[PDB]
Amino acid sequence: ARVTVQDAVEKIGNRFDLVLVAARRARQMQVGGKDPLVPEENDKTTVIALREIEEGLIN
Amino acid sequence: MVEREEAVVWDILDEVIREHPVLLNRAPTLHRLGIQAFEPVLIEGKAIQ
Amino acid sequence: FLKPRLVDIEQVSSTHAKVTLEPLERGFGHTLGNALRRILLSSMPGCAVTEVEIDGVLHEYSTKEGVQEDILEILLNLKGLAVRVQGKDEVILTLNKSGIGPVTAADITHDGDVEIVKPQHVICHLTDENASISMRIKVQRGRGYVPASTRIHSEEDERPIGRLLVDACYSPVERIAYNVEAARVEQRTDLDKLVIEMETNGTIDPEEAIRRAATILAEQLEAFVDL
Amino acid sequence: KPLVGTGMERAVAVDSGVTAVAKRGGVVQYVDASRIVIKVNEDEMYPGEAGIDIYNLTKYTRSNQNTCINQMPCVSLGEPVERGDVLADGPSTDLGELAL
Amino acid sequence: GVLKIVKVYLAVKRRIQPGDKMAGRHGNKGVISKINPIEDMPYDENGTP
């Protein structure tokens, strides 16, 4: 589980458009799109997107 | 499924609550920082620890 | 190291006793003290009223001509029956009583497996001359605290609508507290002793009590050993 | 019962109507969980209508806040009563004392 | 109009649960909290915890 996502806040400073990014991304992981690369572990796709921001691979 | 307390939904329950950024909001707040967020956990009780 | 062991169990009564442990080493008076205390305080095999069918019952909240309280309060008394079984999973105790007098725990159909420890335990009264009561107290054995409320959602398909579901309080114990003091053996520098003052209404023998508890700890440690 | 009070404790329990009191004391006779019948003694009896005082009990019924008024019998069968004696006190009362 | 009517009562045994308001005749209020064990409470010369 995550205790501090301040890292995500720094990779993408918008903190708003950031939500629109993961917005369309959650859409891909649901309605066709593409499969979630990082093998998920209980964490819904919303949190999975959170993790992808911290790594900064998909923005 | 929820109607039968299926052991199935119990595991699934774990998956959707153990990591849910929720808004603990108190309606009568006369201040911005009175509305904050936490992370719910499967707790055996009758109140919000 | 001298193996942990209990000396002669200080027996003052059949219902309540206090185990005494002499060969206790540094900290075991407290180790086993609480490691047994908690289990002894909750999970223990007891016998409690599950379902009862009384005859003069339109509803459990009725005033049967001849009894001081509710029909359900007759069941309230039945909730803490001091019955002791020998092997049955469940057993039916018939209670028939007609005549001027307090319906004690002696007028019940005394079955061989049903061993009440306190015969004079008055449930309810039957004071009217030409009145009568007749019921069947279906008591079973379990452990812990299990209520018919958490069991009421099913109805269990009841044709004989006299089968009222009541609270199964399976706790023979009531008073478990441990004390400590200087124990002296012949070969050792310092040993601790343990005196667990346990109280049982009269369903499980004091030794069988500490027996079951210790055994359950053994099984709850089964899986705990594998890394 | 409350270990402390003021002296108005019996003024509540005994005189609140919560208990089937008696206006004319007498030997309790036909006491049931529904109604209590009292055979009146003549030193406290009015020669009218022989001598059978009828009383009704509040033995578990309904109440406003979804409540259920509860009466607790305090007197055992076989004993004369007095003008102002109780038979079965109401809720949170024992033999005539208010234990809210 | 009121000619084929029904009157039915339902009663429930209710015991105190965590969150009930207990207090005193003096002025101090209070609410029952987390259910606690029996003798984990300090006892005395009488024996009752």
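Residues numbered from 1 in each chain as written, not as in the entry; some residues may be left out. Chains lettered and ligands numbered in written order. Part of a larger assembly, values for the part shown. Heavy atoms only, no water. Residues with missing side-chain atoms left out of burial classes, pairs and counts.

Structure determination for this entry, per the PDB record, employed cryo-EM and reached 8.1 Å resolution.

A.B. asks: Account for helix α3 (residues 206–219) of chain C, naming residues and giving values.
C.D. replies: Residues and elements named next belong to chain C. Relative to the 20 Å expected for 14 residues at 1.5 Å per residue, α3 spans 20 Å between its end C-alpha atoms, a close match to the ideal helical length. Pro206, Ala209, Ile210 and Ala213 are the residues of α3 that are buried. Projected onto a plane normal to the axis of α3, the buried residues spread over an arc of 85° and lie on a single side. Turning to α3, the residues buried within the fold contact β1 (16–24), α1 (28–41) and β10 (191–200). (Helix = DSSP H or I, 4+ residues; strand = E, 2+ residues; numbered from the N terminus. Expected span 1.5 Å × (residues − 1). Buried < 20%, exposed > 50% of the residue type's maximum accessible area, 1.4 Å probe, protein only. Arc of directions from axis to C-beta. Contact = heavy atoms within 4.5 Å.)

A.B. asks: If you had to explain the arrangement of the chains to someone new, which residues and values would you point to?
C.D. replies: Nowhere do chain A and chain D come into contact; their C-alpha atoms are at least 44 Å apart. At no point do chain B and chain D touch; the closest pair of C-alpha atoms across them sits 23 Å apart.

A.B. asks: Give a description of the interface of chain C and chain D that names residues and reports values.
C.D. replies: If you look at the interface, chain C gives 10 residues, while chain D gives 9 residues. Of the roughly 780 Å² buried between chain C and chain D on both sides combined, carbon and sulfur atoms contribute 46%. Three residues, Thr63, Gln68 and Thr127 of chain C, lead the burial of chain C against chain D; their summed loss comes to 47% of the area buried on that side. Our count for the contact surface shared by chain C and chain D stands at 3 residue pairs in polar contact. Classifying every residue of the side of chain C that touches chain D by side-chain character gives 1 nonpolar, 4 polar and 5 charged. (Buried area = accessible area lost by both parts, 1.4 Å probe. Polar contact = N/O pair within 3.5 Å; in protein donor to acceptor, adjacent residues only side chain to side chain. Nonpolar A, V, L, I, M, F, W, Y, C, P; charged D, E, K, R; others polar.)

A.B. asks: Quick one: what's the story with the packing of α1 of chain C against α3 of chain C, residue by residue and with numbers?
C.D. replies: Residue and element names in this part refer to chain C. Direction vectors running N to C along α1 and α3 enclose 105°, while the axes themselves pass 10 Å from each other. As judged from the angle between their axes, α1 and α3 are roughly perpendicular. Taken together, the residues of α3 that come into contact with α1 (itself represented by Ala35, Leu36, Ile39 and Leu40) are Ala209, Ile210, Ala213, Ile216 and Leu217. Class assignment for the residues of the contact of α1 with α3 results in 9 nonpolar, no polar and no charged. (Axes fitted to C-alpha atoms, helices over the stretch in contact; angles between N-to-C directions. Parallel < 35°, antiparallel > 145°, perpendicular 65-115°, else oblique.)

A.B. asks: An account of the sheet that holds strand β2 (residues 35–40) of chain D is requested, with residue identities and associated values reported.
C.D. replies: All names here are of chain D. What the 3 strands build is an open sheet, ordered β1-β2-β3; its pairing is antiparallel. The outermost strands of the open sheet, each flanked by one partner alone, are β1 (26–31) and β3 (52–56). Here the average twist between neighbouring strands, direction ignored, is 30°. The pairing of β1 with β2 spans 5 bridges and is antiparallel. Paired with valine 31 across the strands is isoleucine 36, a residue of β2. (Pairing = 2+ DSSP bridges.)

A.B. asks: A description of the sheet that holds strand β9 (residues 173–183) of chain C should follow, citing residues and the corresponding values.
C.D. replies: All names here are of chain C. Taken together, the 3 strands give an open sheet; going across it, the order is β1-β10-β9, and neighbouring strands pair in antiparallel fashion. With partners counted over all chains shown, the strands left at the sheet margins are β1 and β9, one partner each. Averaged over neighbouring strand pairs, the angle between their axes works out to 15° when direction is ignored. The sheet contact formed by β9 and β10 spans 9 bridges and is antiparallel. Across the sheet, residue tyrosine 178 finds its bridge partner in β10, namely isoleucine 196. Together, β1, β9 and β10 form the strand contacts of α1, whose direction differs from that of β9 by roughly 175°.

A.B. asks: So what's going on with the pairing of strand β3 (residues 90–97) of chain C? Residues and values would help.
C.D. replies: All names here are of chain C. The two faces of β3 differ: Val91, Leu93, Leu95 and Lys97 on one face are buried, but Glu90, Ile92, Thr94 and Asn96 on the other face are not. In this structure, β3 lies alongside strand β6 (residues 133–146), joined through 8 bridges in antiparallel fashion. If you follow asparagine 96 over to β6, its bridge partner there is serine 134.

A.B. asks: So what's going on with the interface of chain C and chain E? Residues and values would help.
C.D. replies: With 11 residues of chain C in contact, the opposing surface of chain E contributes 8 residues. Remark: the boundary between chain C and chain E carries 3 salt bridges. With a shortest N-O distance of 2.6 Å, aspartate 167 of chain C and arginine 15 of chain E are connected by a salt bridge. Where chain C meets chain E, there are 5 residue pairs in polar contact. Within the residue set of the side of chain C that touches chain E, elements represented by two or more residues are α1 and β9 of chain C. Broken down by element, the residue count for the side of chain C that touches chain E peaks at 5 residues, all from β9 of chain C. (Salt bridge = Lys/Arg side-chain N within 4 Å of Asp/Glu carboxyl O.)

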